[PDB]
């Protein structure tokens, strides 16, 4: 897209895993981001699921410029505009709607929107998108669905998210249609509480190393 200098494909090809981040306490955002980056995971999906999320995006953008920071759980144009102004470099949505797709394609940052079904994929493709989130992946029919959902759509590429962990992420990464996966396991809620940044860095390092096929 001539409106998106940073392509959706570039976001998804940066690394094999995109952490789904829920940050309950702002003060933890920056050291969490540094811990991820130290472990080799740079694309951070900061979800709009807590009050401090947008402030977390602004903080990480300023203090951790090697992190590629984006907003998740973006549901509508208002939230998309808010995170764009706050410095999000991309947006992820759990599903798609026409107002959100229209706003995204009119704006400056890539949206990688979730789909569950081929009709939803077709709607996103009608807006010119070719990279999608597959969410919730396990609930959608999993790897077998992508071998099938992605079938008639040889050119479309995905980031599956939802019920993915070290036990199964390789099953997804093995697919030609999959560029990367997402999951919350890299930033456990209690690790942030405990200031266990070492644990976060280790999970990141393990996830990247464990991804080599």
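Numbering follows the first chain given and starts at 1.
- Remark: stretch with higher mean C-alpha B factor among 186-194 and 18-26 is 186-194.
- In this entry, 134-142 shows the higher mean Cα temperature factor of the pair 134-142 and 81-89.
- In the PDB entry, a CA B factor belonging to the middle third of its chain's modelled residues is recorded for residue 8.
- Residue 1: CA B factor lies in the lowest third for its chain, per the PDB record.
- When the CA B factors of the chain's modelled residues are split into thirds, the value for residue 170 lands in the lowest one.
- Placement of the Cα temperature factor of residue 31 within the chain: highest third of the modelled residues, per the deposited record.
- In the PDB entry, residue 152 places in the highest third of its chain by CA B-factor.
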